[PDB]
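Q: Can you keep this structure in mind? I'll have questions shortly.
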Amino acid sequence: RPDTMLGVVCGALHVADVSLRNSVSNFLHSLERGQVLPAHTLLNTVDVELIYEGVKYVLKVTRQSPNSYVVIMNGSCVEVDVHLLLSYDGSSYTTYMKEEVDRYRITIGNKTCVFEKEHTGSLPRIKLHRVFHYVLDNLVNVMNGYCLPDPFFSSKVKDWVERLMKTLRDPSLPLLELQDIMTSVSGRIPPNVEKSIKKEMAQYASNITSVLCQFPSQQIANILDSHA
Amino acid sequence: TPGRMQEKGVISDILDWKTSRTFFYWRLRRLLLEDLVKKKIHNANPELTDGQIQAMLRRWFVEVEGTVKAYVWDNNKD
């Protein structure tokens, strides 16, 4: 059968996920019905107090990014993402939710585990092209107004932002993105344009780590321009 | 006949006389605008051929107004 801390995870994000989307749907009540509800009701944070074998589990759950949900134990941060699809440390799992008045009843396939609602730690559950795109998009998604689970942010963004600025100065970006994209649309390809792109990505690559390496923009556009 | 002519590509379309005034009006005014902007572009960079310029202007349109709106180019008015 299941593992307790997974239990807390799928718990926290089941009640959370349901509540978060519901909170949206409660907003939609208020919006058609003209009620100017206070912002807070959209409910990121969900407060779960769940005593398994004497130890209460004290938690909050905050949706952190459109994919990502963060389970927060006393101000901890463990990040999973959904669509029920679950993404965890090492595997994909199936979860079911039975809710009661005061108990929380989770069935994980053919397996059952039961917890009553009536300590303090964190979980370790943890390329330049995606580190860039990913981290940048995540923060602008943060800063579109999604919110923030805990204090750590003011640290987190500092690391994040050096990765941005630094990898943005790093002239291996155009190479890594033009490698990776022109590799993933390698077919359907006209070889005039392929020998052009593949040569010149290759000797952007030869000329990377030069003090004076810039993209040959006008050149790629012009080639596209004549055979367009 | 025009059907064959058009199909074979030495002309772009068959029109109807009655709506010819409006049609040709809107198209020509924008044909003219296109010429004016291309003149600015050529001044900006002599190496580009007129043809490459054509494509470039369309590309700048698709860029500004969106991939969704490419077809609009064939709408005289917009």
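All residue names refer to the structure tokens as shown: chains lettered A, B, ... in order, residues numbered from 1 in each chain, ligands numbered from 1 in order.
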Up to 10 Å from chain A, what residues of chain B turn up? Count only C-alpha atoms and give them as a list in words.
A: residues 47, 48, 49, 50, 51, 52, 53, 54, 55, 56 and 59 of chain B
Q: Let's see if you can do this: from backbone DSSP, list all alpha helix (DSSP H) residues in segment 6-46 of chain B, as a list in words.
A: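 These are the residues in question: residues 6, 7, 20, 21, 22, 23, 24, 25, 26, 27, 28, 29, 30, 31, 32, 33, 34, 35, 36, 37, 38, 39, 40, 41, 42, 43 and 44 of chain B.
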Q: Taking the backbone alone, and naming residues the way the document does, which bits of segment 3-227 of chain A are strand (DSSP E or B) by DSSP, as a count of residues only?
A: 42
Q: Select, from A:148, A:6, A:185, A:176, the residue with the minimum atom-to-atom distance to residue 91 of chain A, counting only C-alpha atoms.
A: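 Among A:148, A:6, A:185, A:176, it is A:6 that comes nearest to residue 91 of chain A.
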Q: Go ahead and compute the interatomic distance for atom CA of residue 189 of chain A and atom CA of residue 60 of chain B, in Å to one decimal.
A: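 Pair atom CA of residue 189 of chain A / atom CA of residue 60 of chain B returns 23.0 Å.
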